[PDB]
Each structure stands twice: as structure tokens, then as C-alpha cells.
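J.: Protein chains in written order, with the deposited numbering: chain I, 3 to 158; chain J, 3 to 158; chain L, 172 to 201, 210 to 228; chain K, 8 to 57.
Even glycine gets a Cβ: it sits at the ideal position worked out from N, Cα and C.
Quick one: the structure is below, and I'll ask about it shortly.
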Amino acid sequence: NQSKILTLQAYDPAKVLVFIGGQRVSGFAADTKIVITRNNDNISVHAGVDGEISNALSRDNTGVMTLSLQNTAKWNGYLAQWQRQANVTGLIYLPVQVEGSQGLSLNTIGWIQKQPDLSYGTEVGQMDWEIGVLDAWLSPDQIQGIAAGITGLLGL
Amino acid sequence: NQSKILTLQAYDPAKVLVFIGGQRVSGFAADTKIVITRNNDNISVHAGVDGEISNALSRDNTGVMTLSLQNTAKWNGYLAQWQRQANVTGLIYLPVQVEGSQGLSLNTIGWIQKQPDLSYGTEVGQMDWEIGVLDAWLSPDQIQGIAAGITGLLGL
Amino acid sequence: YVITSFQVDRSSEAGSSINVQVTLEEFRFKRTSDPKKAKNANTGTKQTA
Amino acid sequence: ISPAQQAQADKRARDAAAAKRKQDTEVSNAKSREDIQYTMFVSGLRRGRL
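So, in C-alpha cells, the structure goes:
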């Protein structure tokens with residue numbers, strides 16, 4: 003076969019929308035906006051004494067989301083104030099939504115995990131917020147023609 | 003959307019003021035003045051036996067502050083004399099304040115943790131003092147329009 | 172072989188499954212019956228039945 | 008010792024004694040109610056046991 007264009011419109015980093023609490027977030031830095039990862043694998047395998055393989059689904063779905071920002075953005079102050087308020091009162095849970103472009107998306111409830119480290123140097127620094135999320139299953143959503151494809155897979 | 007300037011005035015490294023005991027500190031070196039970091043995460047997560055997630059806030063807020071100086075600065079002698087006096091008598095706690103420019107700031111009480119290592123070589127060396135601080139929560143302070151933004155976040 | 176003890180648990184890891192342990196020991200075991216196989220038996224003293 | 012110290016001694020007896028009365032009477036209330044049952048939901052809440 004010959005070459006083929008995977009999509010019709012190009013992936014645009016500015017088209018990726020990040021919402022925390024209900025407000026869009028601006029002030030990203032460097033060449034990595036967000037990184038979404040899980041904490042544990044989906045299935046753990048165990049060997050047997052006579053060749054049998056037993057698989058067990060995992061029931062933990064927490065994950066981490068690293069947000070990279072410049073230290074000149076007001077969202078740094080927003081997050082710091084939220085952290086102080088949460089420590090004082092107790093409310094720590096806020097909604098988190100990420101609308102990807104030509105890619106998977108996320109919609110769950112998150113919290114602030116670890117405060118980054120400042121570094122005042124010659125250039126402008128970078129702060130990386132770890133935001134933990136309850137459910138970390140990515141959703142096809144915008145991508146079309148998925149319902150038909152799912153029923154196409156065979157298995158026994 | 004198009005490009006946008008995050009701020010109006012440029013970040014200036016000399017505008018960052020560091021105070022220890024009540025005197026400004028001069029003699030920084032290389033391309034990193036100070037580094038502020040925490041010791042533990044803000045929240046630790048635990049998995050359940052049927053999908054529940056339980057979160058626990060941390061009650062420890064100590065941190066570290068690395069001060070990079072040339073070995074030709076008098077503040078090296080100041081810190082050495084203070085360390086000897088503290089060892090002899092017992093008073094080790096002194097105030098520490100850092101006023102950041104277009105960034106987060108700090109105001110707490112600190113102490114001297116570990117003495118750096120000298121290295122006499124061809125070029126002029128660098129000594130890094132670890133200063134431990136009681137509370138390491140960064141404060142928006144100078145940044146304006148934070149009180150209104152904090153009340154804007156939704157959550158349940 | 173008879174079962175003397177077993178354990179079941181559902182730890183956080185390996186969710187959706189259960190780990191099982193068992194222990195067994197030997198048993199040195201030693210009516211409607213054919214009269215040809217019958218043997219003299221006893222029942223001790225008996226009262227009104 | 009002093010007459011004033013007698014009052015301080017009396018406080019020990021009362022407050023210490025009053026503490027066990029609250030604990031003891033509450034326990035006595037239990038074992039008297041037979042129309043009460045306690046159940047613990049260790050797991051399964053989100054799967055069938057709802």
C-alpha cells in the first residue's frame with residue numbers, strides 16, 4: 003500500500019482545553035502541556051504449577067496529571083490559595099476536564115497532590131503541578147465510528 | 003487565539019530579595035539563586051477493596067531551601083560563625099523571607115541544615131547551603147486579583 | 172485426607188480475585212450387610228427402647 | 008495540707024467518679040435494648056449488596 007494521511011485537520015495544541023473548577027487554564031510552558039498517567043496496571047498475571055494462567059482485573063483507577071506552567075501565571079496563585087483553603091477547612095475535591103483535539107479526552111474529579119518547587123534563575127523557570135484524579139480512563143468521545151468498530155471485534 | 007504577553011514588566015533576578023536574620027544576602031553564583039522544595043506530598047492516596055478511594059491530608063510542612071553562593075562572599079563567614087554559635091549555645095531559629103518578582107513568595111522561620119563542601123580548583127568554586135524552613139507554603143501576595151478568583155472555583 | 176484449615180482474603184492488589192490456602196492430613200480409618216460377612220457384635224446393657 | 012486543699016481533693020473524687028458514671032450508664036443502656044441490630048458493610052456495597 004501507499005502512504006495515507008491519518009486525519010483531515012492537523013492537531014493544534016491551543017485547541018486542547020483544560021478546565022479546573024470551571025475555568026479554562028492558561029499559562030502553559032516549554033514543550034509539554036499535560037501528561038496523564040496511571041498508577042497501576044490493568045491486569046496482573048500469575049503463573050501456575052501446571053501451565054495455567056490466571057488473570058485478575060484491577061479495581062484501582064487513580065492516576066496523576068502533571069500540569070506545566072510558567073512562574074509568571076496567575077493560576078499559580080489560584081492553586082496556592084486553593085491549597086491553603088483546603089488545608090484550613092477540608093474541601094479538596096474539584097472537577098477536572100480535558101478536551102483533547104484528535105485524541106482521547108478526560109472527565110473526572112481531581113485534587114492537588116504535591117506542590118512543585120520554585121527555582122529563580124537566569125531564565126524564566128517552570129513549575130509542574132501534580133493533580134491526582136479519581137478515574138483515569140480515557141474516553142474516545144469526539145472520535146466518530148467507534149460504536150460500530152467495538153462490535154466488530156471477535157473473541158472467545 | 004493568538005499570542006499574548008503573560009505580564010507587563012519582565013522578571014528580573016536582581017529584584018528577588020532574600021533576607022536571613024534581617025539582612026539582605028548578596029553573593030549568588032552560577033545560574034540558580036535559590037531552590038525551594040517540600041519534603042512530602044500534600045495528600046497520600048490508598049486503594050480500597052471495592053473501588054473506594056480514601057485521601058488523607060498531610061500535617062508536615064517542612065521543606066528545604068538551597069542557597070548558591072561563591073566562596074568569595076562574606077555571608078559564608080556569617081553562616082559559619084552562626085553555626086558555631088548555635089552549636090555552642092542552642093539558639094538555631096532565625097527568620098527567613100524571600101520576596102519574589104512576578105512569582106510566589108515565602109515568609110517563615112528557618113535554620114541551617116547542612117554545611118556545603120569546599121572545592122579549591124582552577125576556577126572559582128560554588129557552595130550550596132541547605133536552609134530548612136518550618137512552613138513551605140508559597141504565598142501569592144503581590145499578585146493581584148486572587149481573592150476574586152478563589153471564590154470563582156466550583157466543586158462538590 | 173481431611174481438611175483442617177483454610178484461609179480466604181481479598182487484598183487491595185489482585186482485585187476481583189481471592190487467594191485460597193488449604194491444609195490436609197492423612198486419616199488412618201479402620210445396617211444392611213450380607214449375613215455371610217456378619218460378625219458377632221455387642222450393644223451393652225439396654226433399656227426400654 | 009490546708010483547708011483549701013480539701014476542696015481540690017474533692018474535685019478529683021467528683022470529676023473522676025462522674026467520668027465513669029457517663030461511661031457505665033451508657034453501657035448499661037446497651038444490653039437492655041433488644042430491638043437494635045448493628046451491621047457492618049465491609050465490602051460489596053457497590054456490587055449487589057446495595
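#1: Helix, strand or coil for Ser103 (chain J) per DSSP?
#2: Just the chain L side, please: which residues come within less than 7 Å of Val51 (chain J) by C-beta, in chain order?
#3: Nearest-angstrom Cα distance between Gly186 (chain L) and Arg56 (chain K)?
#4: Which of the three DSSP states is assigned to residue 5 (chain K) in this structure?
#5: So which of J:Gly134, J:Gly154 and J:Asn73 has the shortest CA-CA distance to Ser28 (chain J)?
#6: Does the beta-carbon distance from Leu140 (chain J) to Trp84 (chain I) come in below 8 Å?
#7: Let me confirm a value: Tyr13 (chain I) is counted as buried when at least 16 other C-beta atoms fall within 10 Å, else exposed. Which label applies?
#8: Where do the N-terminal and C-terminal ends of the beta strand (DSSP E) with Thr68 (chain I) fall, by residue?
#9: Using 8 Å for Cβ pairs, my map puts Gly151 (chain J) next to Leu96 (chain I). What's the rounded Cβ distance?
#10: Taking contact to mean 3 or more Cβ pairs, one atom from each stretch, closer than 8 Å, check whether the segment 63–70 of chain I and the segment 33–40 of chain I are in contact.
#11: Which residues in the same chain as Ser46 (chain J) place their Cβ atom closer than 6 Å to its Cβ, once the five residues preceding and following it in sequence are excluded?
#12: Would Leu52 (chain K) count as contacting chain J if we go by Cβ distances under 8 Å?
#13: What ranges does the beta strand (DSSP E) occupy inside the segment 79–134 of chain J, keeping only unbroken runs of at least 3 residues that lie completely in it?
#14: Relative to the alpha-carbon of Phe177 (chain L), which residue among L:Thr211, L:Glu184 and L:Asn190 has its alpha-carbon at the smallest distance?
#15: I need the boundaries of the beta strand (DSSP E) containing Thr194 (chain L), first residue and last residue.
#16: So which residues on chain C does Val98 (chain I) lean against when the C-beta distance must stay under 7 Å?
#17: Can a CB atom of chain L be found closer than 8 Å to the CB of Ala138 (chain I)?
#18: Counting only Cβ-Cβ distances shorter than 9 Å, please list the residues of the segment 39–73 of chain I near chain L, keeping chain order.
#19: Pull out every residue of the segment 113–126 of chain I whose Cβ sits closer than 7 Å to any Cβ of chain J, in chain order.
#20: Identify whether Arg28 (chain K) lies in helix, strand or coil by the three-state DSSP scheme.
#21: Closest by CA to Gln99 (chain J), which one among J:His48, J:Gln11 and J:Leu19?
#22: By the DSSP assignment, the alpha helix (DSSP H) with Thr153 (chain J) in it spans what residues?
T.: A quick look at the data gives this:
#1: coil
#2: Ordered by position in chain L, the residues that pass the 7 Å Cβ test against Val51 (chain J) are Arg181 and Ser183.
#3: The alpha-carbon atoms of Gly186 (chain L) and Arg56 (chain K) are separated by roughly 18 Å.
#4: Outside the shown range of chain K (8 to 57) lies residue 5 (chain K), about which nothing can therefore be said.
#5: J:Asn73
#6: no
#7: Per the 10 Å Cβ criterion, exposed.
#8: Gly65 to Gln72
#9: Not quite, the Cβ-Cβ distance comes to about 13 Å (not below 8 Å), so this is no contact.
#10: Taking a cut-off of 8 Å for Cβ pairs, the segment 63–70 of chain I and the segment 33–40 of chain I touch, as three or more such pairs fall below it.
#11: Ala58
#12: yes
#13: 96–101 and 108–116
#14: Minimum Cα distance to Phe177 (chain L) is reached at L:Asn190.
#15: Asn190 to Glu196
#16: In the structure shown, chain C cannot be found, because the protein chains are I, J, L and K.
#17: no
#18: Here the close residues are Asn42, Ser46, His48, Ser56, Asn57, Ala58, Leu59, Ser60, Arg61 and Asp62.
#19: Within the segment 113–126 of chain I, the residues whose Cβ lies closer than 7 Å to some Cβ of chain J are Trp113, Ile114, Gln115, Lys116, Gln117, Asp119, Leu120, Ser121, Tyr122, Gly123, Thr124 and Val126, listed in chain order.
#20: helix
#21: J:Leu19
#22: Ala149 to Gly154
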